[PDB]
Number of protein chains: 2
Amino acid sequence: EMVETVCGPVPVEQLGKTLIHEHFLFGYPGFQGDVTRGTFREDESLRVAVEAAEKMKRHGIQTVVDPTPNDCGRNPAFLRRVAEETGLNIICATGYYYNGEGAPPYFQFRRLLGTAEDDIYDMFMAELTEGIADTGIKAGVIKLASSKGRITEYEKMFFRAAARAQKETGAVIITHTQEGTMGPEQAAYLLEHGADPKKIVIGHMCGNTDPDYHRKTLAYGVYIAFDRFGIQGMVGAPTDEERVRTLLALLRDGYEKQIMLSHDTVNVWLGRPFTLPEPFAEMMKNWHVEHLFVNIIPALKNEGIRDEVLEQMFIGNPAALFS
Amino acid sequence: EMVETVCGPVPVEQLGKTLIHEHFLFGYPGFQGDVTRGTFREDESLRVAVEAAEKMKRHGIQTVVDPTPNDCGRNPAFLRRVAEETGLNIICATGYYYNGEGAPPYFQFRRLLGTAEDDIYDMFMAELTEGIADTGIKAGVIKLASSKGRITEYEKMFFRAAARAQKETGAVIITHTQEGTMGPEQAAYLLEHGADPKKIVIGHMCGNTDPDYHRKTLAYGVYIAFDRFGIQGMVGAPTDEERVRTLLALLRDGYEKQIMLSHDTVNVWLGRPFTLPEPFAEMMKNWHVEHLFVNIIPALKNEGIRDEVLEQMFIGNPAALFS
Ligand SMILES: [Fe+3]
Ligand SMILES: [Fe+3]
Ligand SMILES: [Mn+2]
Ligand SMILES: [Mn+2]
């Protein structure tokens with residue numbers, strides 16, 4: 001039925017072609033202290049963000065899920081301005097990053113007060129059923145993240161909170177996996193606490209190339225995402241070549257009703273402008289919102305995937321996920 | 001001669017009685033993502049902050065150094081408003097927190113671009129010689145922090161940057177030590193890179209009770225601080241009893257020209273409001289800006305310390321430090 005976007009509630013029928021994981025705004029926790037050399041280009045950032053939405057709208061996309069966590073400069077009103085100008089639908093999130101690239105100390109401190117997991121739940125409920133700050137916007141998904149090879153104590157507080165929240169709300173859960181680890185464990189641990197696998201998207205699965213690992217995850221009946229198309233050389237991540245050679249294994253075996261695709265782009269960066277060093281800067285030349293529809297998809301056809309199947313992924317699956 | 005406060009440059013002669021370490025505003029990194037339940041009480045916070053300044057002004061304090069790091073919600077314009085209303089002098093900082101209660105990922109990421117330590121220097125120079133963001137305020141001190149028993153790789157980038165900045169500027173360095181560790185190592189590592197010990201305040205020394213350790217540190221000719229008076233029972237911290245019994249050892253042995261005192265208070269908290277749990281909330285009942293002048297000081301007299309000596313600590317030392 002209905003899904004909360006930044007422009008208030010929307011019928012899931014009208015979601016349409018959907019990218020599951022892209023950032024308009026993103027900054028690594030700590031960017032706020034580099035304000036002096038990295039002040040936020042308020043009205044140019046908006047100009048770039050609308051550039052990316054119009055760039056997405058023209059390949060038939062009607063909906064983006066933006067899972068930018070609360071500590072990476074999530075900005076729902078900004079996003080609201082973008083949708084108001086483009087008509088694109090934008091679903092935002094409620095969540096923190098993970099230990100390795102998040103902001104532990106604050107909730108670490110409350111953990112000592114004994115109230116952290118309640119506070120995270122209370123925050124999740126608030127942002128899902130009341131609205132984010134005074135923006136009036138509710139998050140449409142819960143963002144979760146785990147570390148490499150571990151779901152830390154701190155992360156588990158959020159997983160628990162997240163599972164208990166979803167039971168109270170029916171919110172979709174979207175997750176981050178670190179370097180192709182902890183897919184199954186994530187699914188397992190959320191299902192243990194009463195989350196519903198049909199309302200769960202294990203993310204960054206494209207970060208493992210052994211399809212055995214994906215199947216172990218799909219077996220929970222959760223959705224999985226290859227949401228990092230375009231990112232190469234970094235994090236130890238595999239090439240777009242590996243992804244497709246890993247993606248195709250799961251398509252012929254008819255799992256497409258559990259797979260969705262994205263790029264995990266950052267269209268505007270918070271903090272100090274930077275430019276990638278020259279080894280790095282050519283491997284990730286393809287990391288942009290165009291990448292899938294002009295490259296990844298044609299490649300998929302040449303290896304024989306029905307356009308019907310893809311529609312399950314970009315339209316059916318997301319419509320399914322949110323209902 | 002001159003020191004940069006939030007109200008522009010000021011003659012060091014007019015610093016006067018000085019608290020070396022107190023926060024008006026503070027939040028643990030991550031507080032920004034708890035915005036919905038923890039929105040910043042803009043104009044009440046200002047009302048509380050002026051309460052604390054007026055409360056400090058009446059025990060003769062004319063100057064506070066507020067070392068709130070860039071990632072813990074440092075707010076120089078806010079501070080500026082406080083001084084403009086009270087006439088108090090407020091010197092702010094340029095720094096990041098340490099790894100355990102800091103926000104590593106952002107500078108961690110730049111470390112991979114190969115430019116982090118330059119960027120930290122460039123940030124330090126900017127905030128010391130040009131101004132913080134568009135506030136026009138320059139930091140008067142550099143804030144540095146290390147972990148328990150370790151000065152991590154990440155922290156050393158900032159120490160190096162900090163030492164090279166001070167050489168270019170003459171800025172005072174103020175530091176944080178974790179649980180009474182790394183005093184000497186900090187001094188040693190800064191002196192190695194050309195920092196001047198007479199422009200350095202090793203902080204949280206009151207976190208070690210073995211005076212042997214302090215002397216090892218004082219031997220570098222750096223200043224040291226017992227800046228956590230009132231914080232008891234927490235972090236592994238020692239009682240105000242231990243501090244004084246540790247402080248007195250260094251006074252009779254005539255080091256007072258290297259010691260200064262504070263409380264390290266947080267007069268307004270960013271993030272979700274909270275009550276300290278029932279055990280904790282008793283031990284730290286004394287953690288407030290009044291604590292020193294009404295309690296710690298009388299206690300010091302009864303054990304026979306000349307008011308002249310104290311003046312070296314609250315007036316002479318700081319005046320010395322900044323010139
Ligand atoms: Fe992402
Ligand atoms: Fe402090
Ligand atoms: Mn991610
Ligand atoms: Mn500190």
Side-chain angles (χ1 to χ4, degrees), chain A residues 19-29 64-69 71-74 92-93 95-102 105 141 143-148 155 174-182 186 201-207 225-231 234-235 237 262-267 269 287, chain B residues 19-28 64-74 92-93 95-98 101-102 105 109 141 143-145 174-178 201-207 225-231 234-235 237 262-267 269 287:
Chain A
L19 283 172
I20 209 47
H21 203 131
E22 314 289 327
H23 307 267
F24 285 103
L25 294 204
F26 181 92
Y28 290 106
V64 183
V65 177
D66 187 324
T68 299
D71 52 11
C72 305
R74 170 195 64 168
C92 74
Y96 268 64
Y97 229 168
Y98 67 115
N99 297 78
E101 279 179 316
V141 313
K143 183 67 170 292
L144 286 194
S146 57
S147 301
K148 185 180 184 196
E155 291 154 354
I174 322 206
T175 77
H176 155 109
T177 59
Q178 189 62 16
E179 306 174 64
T181 63
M182 313 302 279
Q186 262 179 14
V201 182
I202 315 294
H204 303 346
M205 285 293 280
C206 51
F226 289 71
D227 49 28
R228 264 174 156 173
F229 279 113
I231 312 202
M234 313 222 59
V235 333
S262 277
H263 323 87
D264 193 354
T265 65
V266 178
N267 296 92
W269 274 98
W287 197 40
Chain B
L19 284 171
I20 208 47
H21 204 129
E22 315 288 327
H23 308 266
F24 285 103
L25 294 204
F26 182 93
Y28 287 106
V64 184
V65 176
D66 188 321
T68 297
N70 309 6
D71 53 12
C72 305
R74 169 196 65 167
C92 76
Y96 259 72
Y97 230 171
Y98 75 108
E101 294 185 309
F109 170 64
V141 312
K143 182 63 167 297
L144 287 193
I174 322 206
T175 77
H176 155 110
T177 59
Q178 188 62 14
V201 181
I202 314 295
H204 303 345
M205 284 292 278
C206 50
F226 290 70
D227 49 30
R228 265 175 155 172
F229 279 112
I231 299 191
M234 289 258 225
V235 354
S262 276
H263 323 87
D264 193 352
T265 67
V266 178
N267 296 92
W269 274 98
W287 197 41

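Only this structure's heavy atoms are used, side chains among them; waters, hydrogens and symmetry mates stay out. First the proteins, then the strands, lettered A, B, ... as listed; each starts at 1. Remember, it's 1-based here, ligands and their atoms both numbered in the order they're listed.
Aromatic ring orientation, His204(A) versus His176(A): perpendicular (interplanar angle above 60°, classes split at 30° and 60°). By the 30° and 60° cut-offs, the orientation of the rings of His21(A) relative to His23(A) is perpendicular.
Under 2.8 Å from the Mn ion (ligand 3) lies no N/O/S atom of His21(A), from backbone or side chain alike.
When atom types are taken as modelled, the side chain of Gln178(A) and the backbone of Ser146(A) share no donor-acceptor pair closer than 3.5 angstrom.
Rounding to the nearest 10°, we obtain 100° for the angle at the Fe ion (ligand 1) between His23(A) NE2 and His21(A) NE2. At the Mn ion (ligand 3), the angle from NE2 in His204(A) to ND1 in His176(A) is 80° when rounded to 10°.
Checked against the 6.0 Å centroid threshold, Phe26(B) and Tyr28(B) count as a close aromatic pair.
Within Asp264(A), the N/O/S atom positioned nearest the Fe ion (ligand 1) carries the name OD1.
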